[PDB]
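Taking it in order: structure first as structure tokens, then the write-up.
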Amino acid sequence: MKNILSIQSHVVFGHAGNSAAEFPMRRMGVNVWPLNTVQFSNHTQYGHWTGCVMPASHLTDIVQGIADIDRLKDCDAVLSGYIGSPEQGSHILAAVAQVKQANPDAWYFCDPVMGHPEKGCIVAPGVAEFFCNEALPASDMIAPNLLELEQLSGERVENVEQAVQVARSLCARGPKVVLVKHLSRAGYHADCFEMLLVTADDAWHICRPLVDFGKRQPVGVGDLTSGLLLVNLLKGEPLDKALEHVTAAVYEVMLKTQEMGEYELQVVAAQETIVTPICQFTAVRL
Amino acid sequence: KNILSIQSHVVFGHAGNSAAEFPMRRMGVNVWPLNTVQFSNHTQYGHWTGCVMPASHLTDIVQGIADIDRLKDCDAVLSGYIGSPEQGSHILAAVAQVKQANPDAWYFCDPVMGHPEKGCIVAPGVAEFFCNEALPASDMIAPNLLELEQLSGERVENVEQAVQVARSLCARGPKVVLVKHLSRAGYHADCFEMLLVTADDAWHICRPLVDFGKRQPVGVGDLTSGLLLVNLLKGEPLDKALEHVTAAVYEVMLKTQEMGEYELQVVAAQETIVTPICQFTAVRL
Ligand code: NA
Ligand code: NA
């Protein structure tokens with residue numbers, strides 16, 4: 001069994017962060033050690049929530065506890081997404097460093113969440129700086145959307161050719177794999193959702209139809225995309241097959257959500273189409 | 001169907017919510033995991049790191065779900081191991097608030113106190129909490145032989161006595177009693193046995209004993225309790241509900257044993273949770 005230490009938010013009702021990624025990743029047959037950074041009643045896009053943020057020192061305490069039972073060496077990858085403060089981020093990188101000492105083959109998959117290209121930045125002060133100068137150099141894979149790829153590089157990205165080159169420039173600072181999870185305006189077609197998977201030797205481009213949720217877009221699509229890519233890569237899937245599975249599995253969860261008229265991403269109702277999607281999307285090697 | 005599950009969370013391994021959440025979601029029921037603690041691993045390792053959530057955090061979370069008008073979607077509240085009477089009283093306040101939002105909601109109480117062979121493991125305040133407070137508020141309970149004797153104050157020597165004592169606990173609140181581990185009160189020392197009791201009927205079931213040596217895997221009771229609530233919420237007949245739970249838990253224990261693991265292998269055994277290969281037949285008494 002492959003084992004992921006996933007350090008993300010937890011919501012009691014609904015799905016976001018670890019609450020969006022844990023059940024789909026376990027459904028695919030990979031273990032998830034869910035190290036919850038918060039415990040909130042619901043995600044923040046309802047405009048109100050109750051609960052609490054865990055002390056940043058709690059995150060490194062947990063990791064020490066797993067090392068104390070000599071199980072930290074079983075961790076094959078660390079996954080991070082939304083980060084509420086630079087202090088929390090520094091403790092997540094301390095967890096990554098501790099895991100790699102116990103297991104030198106462990107990967108750090110960083111979703112550098114900063115916001116949606118259509119809405120703008122939603123991160124707390126200092127978090128953008130933390131991703132650019134701290135998380136990026138320590139990462140083995142990163143999954144920036146267009147807004148995050150531009151923030152991390154400090155460059156405008158206008159098309160796929162540029163996105164590949166800019167992704168390869170971020171790679172030189174640390175990660176070996178870059179997933180441009182949301183191309184946005186830099187894509188080929190305005191009527192299509194697009195993603196790009198980049199390595200040193202290759203780049204794959206993939207397309208799928210847009211899902212119009214209108215005013216209330218469900219939270220967790222990025223969290224699910226990042227988590228499912230990590231699972232496919234840990235399971236030894238070729239990069240093109242990995243991208244194709246993620247693209248179709250996420251799309252099917254989104255369709256199920258819209259069909260049920262729900263605001264929350266329906267990760268449990270769509271579980272059969274997560275492992276075996278009906279929809280098939282094919283990547284194009286650039 | 002939606003379950004608000006208020007139990008422990010362990011980052012590595014499986015106990016409490018970490019044992020029950022994935023299997024119940026695998027069965028197609030939603031789980032709202034209200035974690036009472038966040039620990040590095042369960043306490044039977046003999047050491048752990050992490051913390052206990054403040055008891056007021058539990059009722060704070062329930063209010064937040066009521067604030068988004070979603071508490072009415074809750075079909076059941078599930079509880080297991082409780083660390084203190086204070087945590088316990090906040091769990092019952094959560095149950096009362098859910099029942100106000102949804103009068104058809106059930107409270108499933110696993111009254112954990114200890115193992116019938118290893119003995120009690122909770123403070124006496126917690127045993128008093130289950131007898132005085134948790135039992136009158138429950139709709140279903142899943143005591144092992146030790147817990148069934150603690151709640152009734154009577155010695156239970158056999159299945160006939162177990163059925164009578166279970167119905168005596170029902171007059172005190174619950175409509176369904178699962179004697180999750182019969183222990184010495186069972187018919188056969190060589191069999192693992194359980195009993196499902198209602199006002200009109202009682203079902204008995206057996207399955208082989210699984211030998212794990214000195215280190216007994218944690219969470220068997222948590223998984224049993226969780227999977228029974230799922231079967232009842234999905235409207236399974238009581239005999240079919242007992243048969244599925246008995247076989248699905250056994251399959252998880254078989255997978256754990258064949259892998260030589262200490263942790264209950266709830267993810268590796270996921271295919272046999274929904275569709276067990278083993279078949280065990282319940283007998284109506
Ligand atoms: Na596009
Ligand atoms: Na027996």
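Just so we're on the same page: letters track the sequence lines, and every chain starts at 1. We count ligands from 1, going down the list as the structure has it; atoms in each ligand are counted the same way.
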Geometric cation-pi criterion, B/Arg215 with B/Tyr262: 6.0 Å, 45°: yes
If you compare all heavy atoms of B/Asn144 against all heavy atoms of B/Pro116, which two are closest, and at what distance to 0.1 Å? ND2-CD, 3.5 Å
Answer with yes or no whether the side chains of B/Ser5 and B/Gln7 bring together a donor and an acceptor at under 3.5 Å. yes
Would you please say whether a donor-acceptor pair under 3.5 Å links the side chains of A/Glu194 and A/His205? yes
Near the Na ion (ligand 1), meaning under 3.0 Å, how many protein N/O/S atoms are there? 3
Tell me whether B/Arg26 is salt-bridged to B/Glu271, with the criterion being a basic N under 4.0 Å from an acidic carboxylate O. yes
Using 0.5 Å steps for rounding, measure from the OH atom of B/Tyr250 to the CZ atom of B/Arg207. 8.5 Å
